[PDB]
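Beneath this line is the structure, given in structure tokens, with notes to follow.
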Amino acid sequence: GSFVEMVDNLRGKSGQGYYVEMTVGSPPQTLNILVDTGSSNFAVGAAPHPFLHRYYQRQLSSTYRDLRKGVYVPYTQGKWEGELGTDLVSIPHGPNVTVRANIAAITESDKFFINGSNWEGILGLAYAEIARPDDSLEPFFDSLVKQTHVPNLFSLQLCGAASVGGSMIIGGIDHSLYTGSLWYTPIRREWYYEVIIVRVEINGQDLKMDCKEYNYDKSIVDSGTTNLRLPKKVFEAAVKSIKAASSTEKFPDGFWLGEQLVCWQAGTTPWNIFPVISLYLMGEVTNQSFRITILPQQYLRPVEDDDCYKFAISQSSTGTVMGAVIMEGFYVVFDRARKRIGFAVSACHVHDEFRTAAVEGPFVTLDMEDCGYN
Ligand SMILES: CC(C)(C)c1cccc(CN[C@H]2CS(=O)(=O)C[C@@H](Cc3cc(F)c4c(c3)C3(CCC(F)(F)CC3)CN4)[C@@H]2O)c1
């Protein structure tokens with residue numbers, strides 16, 4: 001509570017990410033910035049690229065300082081390169097402070113900006129270890145914490161819908177955004193927001209795989225990604241098992257690949273025939289775990305075109321990526337200070353009549369440490 005300045009400060013178009021309003025420079029230039037717990041660079045467009053609504057103009061900033069060094073970041077999805085500097089940054093619908101963060105002024109890019117999107121930059125919320133050019137470049141939230149008395153902690157409530165909304169509470173937790181209790185899983189290493197998944201159930205049936213497979217080569221919480229991404233073998237077992245639960249109908253190969261939609265007459269979507277999915281996460285206490293459960297309403301994204309949906313669980317090059325499909329069911333707390341991530345059922349999650357998202361525990365799981373890849 002007492003974080004209503006910040007409630008509902010996230011916007012976006014579904015499948016195009018969530019962004020938050022920010023100001024940089026003196027005088028303050030407003031930009032919409034993509035919120036990404038999957039990287040650690042703060043970067044903005046700095047030139048009149050045709051896709052951009054606005055861009056960062058350093059000429060205008062009296063507080064701008066050049067850093068004279070270049071920087072290059074290749075994501076899976078895309079790539080940019082720019083010039084480093086520092087400036088005064090603030091989040092209007094956040095806590096009224098201002099910090100001197102590093103900024104990547106994007107001078108060239110490819111497949112990074114979305115033609116049609118309403119954002120112009122990316123805010124890397126993860127740790128310095130994975131910042132570019134190297135961990136010497138202080139990530140934004142590190143700067144925010146060192147320079148103010150704002151608590152080393154933030155939380156995201158992403159609410160799945162063309163338009164999408166959500167909240168980023170900075171420095172706090174807002175208890176009206178979740179129901180039930182928060183359960184914490186350890187942040188395994190401070191680079192990505194890495195975690196250990198110790199077990200997976202589909203409608204309640206263990207997928208029966210060595211838990212190490214769930215996390216090769218790592219599992220992370222990534223707000224800049226849309227899908228629940230599973231490692232290849234795990235992905236196979238999962239889809240196989242979902243087909244079985246939904247055999248009451250059957251669908252084209254391409255649906256399970258996310259390349260072809262499936263539609264029903266509006267309001268007749270056979271929700272009951274799709275299984276709830278569960279990830280057990282390592283808990284705070286030795287041999288203790290807990291479970292998060294998402295409904296089909298989370299992994300079937302609606303798409304315009306009847307009621308049509310895209311299958312939004314997909315295969316992963318890395319380990320497990322808990323992206324938007326996962327986060328839109330839960331209030332996620334990034335407790336950097338206590339080095340742990342918190343999950344609670346979201347106040348804004350989409351649920352049907354008979355079933356609901358869940359965070360439950362505790363469970364007994366031995367050898368949880370063995371689920372990690374080393
Ligand atoms: C930054 C670093 C450490 C070098 C790094 C390299 C590879 C993977 C990762 C893990 N986090 C990644 C996972 S990703 O590449 O799928 C999305 C990426 C952020 C990202 C980068 C883009 F060029 C684009 C998007 C997101 C968009 C917008 C939002 C979306 F979710 F709709 C998706 C599309 C459009 N293009 C995350 O940061 C970090």
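We name chains A, B, ... following the order of the structure tokens; residues begin at 1 in each chain, and ligands are numbered from 1 as shown.
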Write out as a PDB file with N, CA, C and O atoms, in the first residue's frame which residues come within 8 Å of residue 211 in chain A when counting only C-alpha atoms, dropping same-chain ones fewer than 2 positions away.
ATOM      1  N   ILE A 197      13.903 -24.477 -10.879  1.00  0.00           N
ATOM      2  CA  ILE A 197      12.663 -25.231 -10.922  1.00  0.00           C
ATOM      3  C   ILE A 197      12.955 -26.678 -10.515  1.00  0.00           C
ATOM      4  O   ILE A 197      13.846 -27.320 -11.071  1.00  0.00           O
ATOM      5  N   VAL A 198      12.226 -27.201  -9.536  1.00  0.00           N
ATOM      6  CA  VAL A 198      12.537 -28.546  -9.060  1.00  0.00           C
ATOM      7  C   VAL A 198      11.554 -29.622  -9.518  1.00  0.00           C
ATOM      8  O   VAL A 198      11.800 -30.812  -9.317  1.00  0.00           O
ATOM      9  N   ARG A 199      10.455 -29.216 -10.149  1.00  0.00           N
ATOM     10  CA  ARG A 199       9.445 -30.179 -10.558  1.00  0.00           C
ATOM     11  C   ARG A 199       8.383 -29.545 -11.448  1.00  0.00           C
ATOM     12  O   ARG A 199       8.019 -28.384 -11.258  1.00  0.00           O
ATOM     13  N   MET A 209      10.659 -36.060 -15.151  1.00  0.00           N
ATOM     14  CA  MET A 209      11.986 -35.879 -15.722  1.00  0.00           C
ATOM     15  C   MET A 209      12.970 -35.514 -14.618  1.00  0.00           C
ATOM     16  O   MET A 209      12.597 -34.891 -13.618  1.00  0.00           O
ATOM     17  N   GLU A 213      16.984 -31.231 -16.019  1.00  0.00           N
ATOM     18  CA  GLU A 213      16.530 -30.925 -17.369  1.00  0.00           C
ATOM     19  C   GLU A 213      15.672 -29.666 -17.409  1.00  0.00           C
ATOM     20  O   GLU A 213      15.559 -29.015 -18.446  1.00  0.00           O
ATOM     21  N   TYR A 214      15.052 -29.332 -16.284  1.00  0.00           N
ATOM     22  CA  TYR A 214      14.205 -28.152 -16.227  1.00  0.00           C
ATOM     23  C   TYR A 214      15.034 -26.882 -16.258  1.00  0.00           C
ATOM     24  O   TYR A 214      14.516 -25.816 -16.556  1.00  0.00           O
ATOM     25  N   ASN A 215      16.321 -26.990 -15.946  1.00  0.00           N
ATOM     26  CA  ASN A 215      17.134 -25.801 -15.740  1.00  0.00           C
ATOM     27  C   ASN A 215      18.404 -25.749 -16.581  1.00  0.00           C
ATOM     28  O   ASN A 215      19.267 -24.908 -16.334  1.00  0.00           O
ATOM     29  N   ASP A 370      20.581 -30.188  -6.725  1.00  0.00           N
ATOM     30  CA  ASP A 370      20.963 -30.971  -7.891  1.00  0.00           C
ATOM     31  C   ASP A 370      20.188 -30.612  -9.150  1.00  0.00           C
ATOM     32  O   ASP A 370      20.512 -31.094 -10.236  1.00  0.00           O
ATOM     33  N   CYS A 371      19.160 -29.782  -9.019  1.00  0.00           N
ATOM     34  CA  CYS A 371      18.379 -29.409 -10.190  1.00  0.00           C
ATOM     35  C   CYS A 371      19.107 -28.365 -11.016  1.00  0.00           C
ATOM     36  O   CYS A 371      18.770 -28.132 -12.173  1.00  0.00           O
TER      37      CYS A 371
END
Could you list the protein, DNA and RNA residues that have any atom within 9 Å of ligand 1, counting only C-alpha atoms and all ligand atoms, and write them as a PyMOL selection string? chain A and resi 13-18+34-41+72-80+109-114+117+122+124+126+129-132+191-192+220-227+318+321+323-324
Can you write just those residues out, C-alpha atoms, as a CSV table (one decimal), in the first residue's frame?
chain,number,residue,atom,x,y,z
A,13,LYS,CA,0.5,-3.6,-26.9
A,14,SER,CA,0.1,-7.3,-26.2
A,15,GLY,CA,3.1,-9.3,-27.6
A,16,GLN,CA,5.0,-6.0,-27.8
A,17,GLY,CA,6.1,-5.8,-24.2
A,18,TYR,CA,5.4,-3.5,-21.2
A,34,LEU,CA,10.5,-1.2,-22.3
A,35,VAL,CA,10.7,-2.9,-18.9
A,36,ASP,CA,13.2,-5.8,-19.1
A,37,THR,CA,14.2,-8.0,-16.2
A,38,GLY,CA,16.1,-10.1,-18.7
A,39,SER,CA,18.9,-7.6,-19.4
A,40,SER,CA,20.9,-4.9,-17.6
A,41,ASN,CA,21.6,-2.1,-20.0
A,72,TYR,CA,27.1,-3.2,-28.2
A,73,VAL,CA,24.3,-5.5,-27.1
A,74,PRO,CA,23.0,-8.5,-29.0
A,75,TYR,CA,19.8,-9.9,-27.7
A,76,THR,CA,18.2,-13.1,-29.0
A,77,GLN,CA,15.4,-11.0,-30.5
A,78,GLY,CA,17.5,-8.2,-31.8
A,79,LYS,CA,20.5,-5.9,-31.6
A,80,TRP,CA,21.7,-2.4,-31.0
A,109,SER,CA,20.0,-0.9,-34.5
A,110,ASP,CA,18.5,-3.8,-36.4
A,111,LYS,CA,15.4,-5.8,-35.6
A,112,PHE,CA,15.4,-4.0,-32.3
A,113,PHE,CA,12.6,-1.4,-32.6
A,114,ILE,CA,9.1,-2.5,-33.5
A,117,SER,CA,5.2,0.1,-31.0
A,122,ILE,CA,14.8,-0.5,-22.9
A,124,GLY,CA,17.8,-3.3,-18.1
A,126,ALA,CA,19.0,-7.3,-14.1
A,129,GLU,CA,27.4,-9.1,-14.3
A,130,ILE,CA,25.6,-9.3,-17.6
A,131,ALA,CA,25.7,-5.5,-18.5
A,132,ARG,CA,27.6,-4.4,-21.6
A,191,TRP,CA,23.4,-12.0,-13.1
A,192,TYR,CA,20.1,-12.8,-14.7
A,220,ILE,CA,15.3,-17.1,-15.5
A,221,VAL,CA,12.5,-14.6,-14.9
A,222,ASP,CA,12.4,-12.4,-18.0
A,223,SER,CA,9.7,-9.7,-18.5
A,224,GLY,CA,11.1,-8.8,-21.9
A,225,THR,CA,10.0,-12.1,-23.3
A,226,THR,CA,6.4,-13.1,-24.1
A,227,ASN,CA,6.4,-16.9,-23.9
A,318,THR,CA,18.5,-21.6,-23.1
A,321,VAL,CA,12.3,-18.6,-19.5
A,323,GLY,CA,8.2,-14.6,-19.5
A,324,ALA,CA,4.9,-12.7,-19.7
Residue list (strand (DSSP E), DSSP) for range 169-356 of chain A, as a VMD selection string: chain A and resid 169 to 170 178 to 186 194 to 195 197 to 202 205 to 206 219 to 221 228 to 231 262 to 264 277 to 282 288 to 294 300 to 302 307 to 311 313 to 316 321 to 322 330 to 335 340 to 346
So, counting only C-alpha atoms, which residue among A:61, A:265, A:219, A:298 is closest to residue 317 in chain A?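 With only C-alpha atoms as the atom set, the closest residue is A:219.
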Apply DSSP to the backbone of this structure and, from range 81-308 of chain A, keep only the residues in alpha helix (DSSP H); write these as a compact mmCIF listing (two decimals) with N, CA, C and O atoms, in the first residue's frame.
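Done, and the output landed in states17.txt:
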# COMPACT_ATOMS: atom_id res chain seq x y z
N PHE A 140 20.91 0.51 -14.04
CA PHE A 140 20.11 1.64 -13.59
C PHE A 140 19.64 1.53 -12.15
O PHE A 140 19.65 2.52 -11.42
N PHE A 141 19.22 0.34 -11.74
CA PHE A 141 18.59 0.16 -10.44
C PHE A 141 19.66 0.15 -9.35
O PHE A 141 19.42 0.57 -8.22
N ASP A 142 20.85 -0.33 -9.70
CA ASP A 142 22.00 -0.16 -8.83
C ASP A 142 22.22 1.32 -8.54
O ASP A 142 22.44 1.70 -7.39
N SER A 143 22.14 2.15 -9.58
CA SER A 143 22.31 3.59 -9.43
C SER A 143 21.21 4.20 -8.59
O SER A 143 21.46 5.03 -7.72
N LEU A 144 19.97 3.81 -8.86
CA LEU A 144 18.83 4.31 -8.11
C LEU A 144 18.99 4.06 -6.61
O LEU A 144 18.66 4.93 -5.79
N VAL A 145 19.51 2.89 -6.25
CA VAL A 145 19.59 2.47 -4.86
C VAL A 145 20.76 3.14 -4.13
O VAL A 145 20.63 3.57 -2.98
N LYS A 146 21.90 3.22 -4.81
CA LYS A 146 23.09 3.85 -4.25
C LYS A 146 22.89 5.35 -4.01
O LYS A 146 23.55 5.93 -3.16
N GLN A 147 21.99 5.97 -4.77
CA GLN A 147 21.89 7.42 -4.79
C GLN A 147 20.68 7.93 -4.02
O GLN A 147 20.58 9.12 -3.73
N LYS A 232 14.32 -27.90 -24.82
CA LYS A 232 13.76 -28.74 -25.87
C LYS A 232 13.08 -30.03 -25.39
O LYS A 232 11.91 -30.27 -25.69
N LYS A 233 13.81 -30.86 -24.66
CA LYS A 233 13.24 -32.13 -24.24
C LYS A 233 12.02 -31.89 -23.37
O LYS A 233 10.99 -32.55 -23.53
N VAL A 234 12.15 -30.95 -22.44
CA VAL A 234 11.06 -30.61 -21.53
C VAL A 234 9.85 -30.14 -22.33
O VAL A 234 8.71 -30.50 -22.04
N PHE A 235 10.12 -29.34 -23.36
CA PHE A 235 9.07 -28.85 -24.24
C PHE A 235 8.31 -30.00 -24.90
O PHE A 235 7.08 -29.96 -25.00
N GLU A 236 9.04 -31.01 -25.34
CA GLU A 236 8.41 -32.18 -25.94
C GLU A 236 7.45 -32.86 -24.95
O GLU A 236 6.29 -33.09 -25.27
N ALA A 237 7.95 -33.18 -23.76
CA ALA A 237 7.14 -33.88 -22.77
C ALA A 237 5.89 -33.08 -22.43
O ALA A 237 4.81 -33.63 -22.22
N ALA A 238 6.05 -31.76 -22.38
CA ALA A 238 4.96 -30.87 -22.00
C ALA A 238 3.85 -30.89 -23.04
O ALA A 238 2.68 -31.13 -22.71
N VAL A 239 4.22 -30.65 -24.29
CA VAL A 239 3.24 -30.60 -25.36
C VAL A 239 2.56 -31.94 -25.50
O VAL A 239 1.34 -32.03 -25.61
N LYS A 240 3.36 -33.00 -25.49
CA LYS A 240 2.82 -34.34 -25.54
C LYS A 240 1.70 -34.48 -24.52
O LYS A 240 0.61 -34.95 -24.83
N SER A 241 1.98 -34.04 -23.30
CA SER A 241 1.05 -34.21 -22.20
C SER A 241 -0.17 -33.29 -22.30
O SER A 241 -1.24 -33.60 -21.80
N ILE A 242 -0.01 -32.14 -22.95
CA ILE A 242 -1.14 -31.24 -23.09
C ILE A 242 -2.09 -31.74 -24.17
O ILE A 242 -3.32 -31.68 -24.01
N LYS A 243 -1.52 -32.24 -25.27
CA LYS A 243 -2.30 -32.91 -26.31
C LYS A 243 -3.22 -33.96 -25.69
O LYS A 243 -4.41 -34.04 -26.01
N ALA A 244 -2.64 -34.77 -24.81
CA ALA A 244 -3.36 -35.87 -24.19
C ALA A 244 -4.54 -35.36 -23.37
O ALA A 244 -5.64 -35.92 -23.45
N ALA A 245 -4.32 -34.31 -22.59
CA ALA A 245 -5.40 -33.74 -21.79
C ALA A 245 -6.48 -33.15 -22.68
O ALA A 245 -7.65 -33.10 -22.32
N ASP A 253 -0.29 -29.39 -36.36
CA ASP A 253 1.07 -29.32 -35.84
C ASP A 253 1.42 -27.88 -35.56
O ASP A 253 1.99 -27.55 -34.52
N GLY A 254 1.08 -27.01 -36.51
CA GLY A 254 1.53 -25.64 -36.47
C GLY A 254 1.01 -24.87 -35.28
O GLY A 254 1.60 -23.87 -34.87
N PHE A 255 -0.11 -25.32 -34.72
CA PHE A 255 -0.63 -24.70 -33.51
C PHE A 255 0.35 -24.89 -32.36
O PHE A 255 0.66 -23.94 -31.64
N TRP A 256 0.83 -26.11 -32.19
CA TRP A 256 1.74 -26.40 -31.10
C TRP A 256 3.10 -25.75 -31.31
O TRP A 256 3.90 -25.64 -30.38
N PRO A 296 -4.90 -22.38 -18.52
CA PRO A 296 -4.76 -22.25 -19.97
C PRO A 296 -4.99 -20.81 -20.44
O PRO A 296 -4.48 -20.42 -21.48
N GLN A 297 -5.74 -20.03 -19.67
CA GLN A 297 -5.94 -18.63 -20.01
C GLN A 297 -4.62 -17.85 -20.04
O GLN A 297 -4.59 -16.71 -20.52
N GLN A 298 -3.55 -18.44 -19.53
CA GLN A 298 -2.24 -17.80 -19.54
C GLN A 298 -1.39 -18.20 -20.73
O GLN A 298 -0.65 -17.37 -21.26
N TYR A 299 -1.47 -19.46 -21.14
CA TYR A 299 -0.60 -19.91 -22.20
C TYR A 299 -1.29 -19.97 -23.56
O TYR A 299 -0.67 -20.28 -24.57
Find the residue from A:337, A:85, A:149, A:271 that sits nearest to residue 190 in chain A; use only C-alpha atoms when measuring.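 Nearest candidate to residue 190 in chain A out of A:337, A:85, A:149, A:271: A:337.
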Who sits within 12 Å of range 62-65 of chain A, only C-alpha atoms, same chain under 2 positions skipped, as a PDB file with C-alpha atoms, in the first residue's frame:
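As a result, out11.pdb now contains:
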ATOM      1  CA  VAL A  24      15.953  11.928 -19.012  1.00  0.00           C
ATOM      2  CA  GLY A  25      18.062  15.062 -19.124  1.00  0.00           C
ATOM      3  CA  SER A  26      17.607  18.654 -18.009  1.00  0.00           C
ATOM      4  CA  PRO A  27      15.169  19.803 -19.073  1.00  0.00           C
ATOM      5  CA  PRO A  28      13.354  16.421 -18.784  1.00  0.00           C
ATOM      6  CA  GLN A  29      12.710  14.592 -22.085  1.00  0.00           C
ATOM      7  CA  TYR A  56      16.680  11.175 -26.692  1.00  0.00           C
ATOM      8  CA  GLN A  57      18.280  14.450 -27.858  1.00  0.00           C
ATOM      9  CA  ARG A  58      21.519  15.093 -25.998  1.00  0.00           C
ATOM     10  CA  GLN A  59      21.921  18.627 -27.385  1.00  0.00           C
ATOM     11  CA  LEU A  60      19.027  19.627 -25.151  1.00  0.00           C
ATOM     12  CA  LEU A  67      31.541   8.824 -21.628  1.00  0.00           C
ATOM     13  CA  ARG A  68      33.513   8.516 -24.873  1.00  0.00           C
ATOM     14  CA  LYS A  69      33.139   4.722 -25.024  1.00  0.00           C
ATOM     15  CA  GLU A  83      27.346   5.666 -27.409  1.00  0.00           C
ATOM     16  CA  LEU A  84      27.759   5.768 -23.643  1.00  0.00           C
ATOM     17  CA  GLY A  85      27.071   8.704 -21.390  1.00  0.00           C
ATOM     18  CA  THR A  86      25.296   9.626 -18.178  1.00  0.00           C
ATOM     19  CA  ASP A  87      22.435  11.953 -17.375  1.00  0.00           C
ATOM     20  CA  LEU A  88      19.656  12.731 -14.928  1.00  0.00           C
ATOM     21  CA  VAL A  89      16.891  10.143 -15.001  1.00  0.00           C
ATOM     22  CA  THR A  98      16.430  11.675  -9.728  1.00  0.00           C
ATOM     23  CA  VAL A  99      19.605   9.722 -10.358  1.00  0.00           C
ATOM     24  CA  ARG A 100      22.619   9.910 -12.626  1.00  0.00           C
ATOM     25  CA  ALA A 101      22.338   6.656 -14.517  1.00  0.00           C
ATOM     26  CA  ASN A 102      24.426   5.476 -17.420  1.00  0.00           C
ATOM     27  CA  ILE A 103      22.584   5.668 -20.741  1.00  0.00           C
ATOM     28  CA  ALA A 104      23.210   3.861 -24.011  1.00  0.00           C
ATOM     29  CA  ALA A 105      22.402   6.334 -26.765  1.00  0.00           C
TER      30      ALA A 105
END
Between A:205, A:344, A:303, A:42, which has the minimum distance to residue 176 in chain A (counting only C-alpha atoms)? A:344
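Considering the residues A:208, A:43, A:277, A:118 and counting only C-alpha atoms, residue 139 in chain A has its shortest atom-to-atom contact with A:43.
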Select, from A:340, A:268, A:154, A:294, the residue with the minimum atom-to-atom distance to residue 306 in chain A, counting only C-alpha atoms.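 Of A:340, A:268, A:154, A:294, the one nearest residue 306 in chain A, counting only C-alpha atoms, is A:268.
Residue nearest residue 177 in chain A within the list A:341, A:332, A:364, A:202: A:332 [criterion: smallest interatomic distance, only C-alpha atoms].
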At what distance in Å, to one decimal, does CA of residue 187 in chain A lie from CA of residue 348 in chain A? 25.0 Å
Can you work out the spacing between CA of residue 289 in chain A and CA of residue 365 in chain A in Å, to one decimal? 6.3 Å
Long-range neighbours of residue 22 in chain A as a PyMOL selection string, 10 Å cut-off, only C-alpha atoms, 6 positions minimum in chain: chain A and resi 28-33+89-94+121+123
At a cut-off of 12 Å, using only C-alpha atoms, what residues contact residue 354 in chain A? Leave out same-chain residues fewer than 4 positions from it and give the result as a compact mmCIF listing (two decimals) with N, CA, C and O atoms, in the first residue's frame.
# COMPACT_ATOMS: atom_id res chain seq x y z
N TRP A 271 -12.22 -24.23 -22.32
CA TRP A 271 -11.18 -24.04 -21.31
C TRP A 271 -10.92 -25.26 -20.43
O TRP A 271 -9.78 -25.57 -20.10
N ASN A 272 -12.00 -25.93 -20.06
CA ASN A 272 -11.92 -27.07 -19.15
C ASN A 272 -11.09 -28.22 -19.71
O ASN A 272 -10.63 -29.07 -18.97
N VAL A 276 -4.15 -27.26 -16.21
CA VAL A 276 -3.34 -26.31 -15.46
C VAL A 276 -1.89 -26.81 -15.43
O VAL A 276 -1.64 -28.01 -15.37
N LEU A 295 -3.23 -21.21 -15.48
CA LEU A 295 -4.37 -21.74 -16.24
C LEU A 295 -4.09 -21.67 -17.72
O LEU A 295 -3.18 -20.99 -18.17
